[PDB]
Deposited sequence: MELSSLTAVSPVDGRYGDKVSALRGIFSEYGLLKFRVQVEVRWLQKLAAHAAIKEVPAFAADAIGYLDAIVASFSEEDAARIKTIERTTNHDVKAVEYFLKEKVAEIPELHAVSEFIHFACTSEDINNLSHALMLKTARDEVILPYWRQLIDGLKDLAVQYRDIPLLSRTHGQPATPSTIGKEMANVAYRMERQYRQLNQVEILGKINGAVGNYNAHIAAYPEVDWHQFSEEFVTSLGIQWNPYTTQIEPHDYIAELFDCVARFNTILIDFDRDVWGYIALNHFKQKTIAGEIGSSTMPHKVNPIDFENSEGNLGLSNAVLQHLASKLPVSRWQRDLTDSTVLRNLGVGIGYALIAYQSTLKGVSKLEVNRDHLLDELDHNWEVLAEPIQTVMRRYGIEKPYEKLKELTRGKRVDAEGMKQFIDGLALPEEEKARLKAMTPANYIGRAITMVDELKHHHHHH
């Protein structure tokens, strides 16, 4: 059968193909070919711009324009042409070289130097730079924008429910109260940490020949400083330079990128699960469009896809940086999967965002539950007792802990405490015993 969303083996291109359309122009073979073209064209352009390389004279504005067009207008038909050529070359990078030669055949100035396309390059010089451009593009145009949406989403929830009290759950049971907003704030803060880290990860690239020593370049042009050339070229692409490599770029930075994405994903899994739980406890209800139950399907879909994402991201991170001697070819096929781990993540991010838009706190339920857990006030009573030197505080409260407002008031009135403090204690309720929760939500914007 022909390939369609219905027949695709993987749901990344199948059932969820529409959800990851942005990656089709980045991590697919079309994306790979698009960036290989960009790299090769820029390489030829630098050769021309370099005065010491006389065989490739400087390009005029028009010539530079024709080349820039080949790069900026690269279409599916162009990629299809490269694939056609590959049926004969049986070498994908070679297919791109021939493709560019065809595109330039009509321009005498460009056709005159067409044999300098890919000059002294090894296939990996082109490939690793293509991979870096794909990852950088994915990060700046896709991943970070979704992360900001999730972060702003959580912060919107934190602010909206900043003062909604919540009977906390430690080891699944009633504990010292907090507020819904504060619990959302905690997540936003963690996400922000990973956001800053992902944004600071270096995206590396190299260009130095067959095994990393510019052997071929120096043989042809011994007077040219190819080390300087390499650094200038990589940096001109908006990529950070990796001066020491073998035939391949080592891939350590890919592990760095994927490790931070995985950490963020883990935070989201934690969030999806906690929300699923709050819904199970009836703390959230369906947002108005009698309380209606909200189906957590969106958080479960996200959770499921986040697990798949980390599994793939994790594998590439740990396997890619291991390559026999000056390199084995196992990374070639593996690197065609850079967008798979990211694809699972994108599907999950959209699902969580969808689920978040359906959340509405069930204030009445939250408050009613709190009013049935006066045992939580044992904590504040103990610290006040301890402050005033009352002996065996924990022991006394243990004996005290059925507990209700009246039972607590009577216990407090019987304590050896100044009247002012007794009133302060008799003034608290599980619902208002939330500490600094609200102010902490308000301060999130300062971090």
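Absence of C-alpha coordinates is noted for several segments of the deposited sequence, namely 290-297, 410-412, 459-462.
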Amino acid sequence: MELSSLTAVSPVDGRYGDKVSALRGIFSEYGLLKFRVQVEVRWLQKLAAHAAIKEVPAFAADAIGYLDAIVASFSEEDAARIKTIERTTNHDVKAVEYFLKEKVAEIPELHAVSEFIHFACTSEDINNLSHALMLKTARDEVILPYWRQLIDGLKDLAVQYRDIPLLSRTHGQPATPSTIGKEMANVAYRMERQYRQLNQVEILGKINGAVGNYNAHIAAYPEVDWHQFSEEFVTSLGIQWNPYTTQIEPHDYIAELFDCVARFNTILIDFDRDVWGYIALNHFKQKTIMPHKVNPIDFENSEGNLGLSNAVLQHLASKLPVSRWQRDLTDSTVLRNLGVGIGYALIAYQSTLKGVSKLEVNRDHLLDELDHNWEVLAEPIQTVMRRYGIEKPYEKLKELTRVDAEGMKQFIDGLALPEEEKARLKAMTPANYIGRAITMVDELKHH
From here on, numbers count along this sequence of modelled residues.
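Per the PDB record, of the two stretches 333-341 and 359-367, 359-367 carries the greater mean B-factor over its C-alpha atoms.
Higher mean CA B-factor, judged across 75-83 and 309-317 from the recorded values: 75-83. Of the residues listed, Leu33, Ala52, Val39, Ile26, the entry assigns the biggest Cα temperature factor to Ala52.
Per the deposited record, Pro222 carries the highest C-alpha B-factor of all listed residues (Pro296, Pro222, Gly212, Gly304). When the CA B factors of the chain's modelled residues are split into thirds, the value for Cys121 lands in the middle one.
In the PDB entry, a CA B factor belonging to the lowest third of its chain's modelled residues is recorded for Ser10.
When all modelled residues of the chain are sorted by CA temperature factor, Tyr161 is found within the middle third. In the deposited entry, the Cα temperature factor of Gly172 places it in the lowest third of its chain's modelled residues.
Among the modelled residues of its chain, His111 has a C-alpha B-factor that falls in the highest third according to the deposited record.
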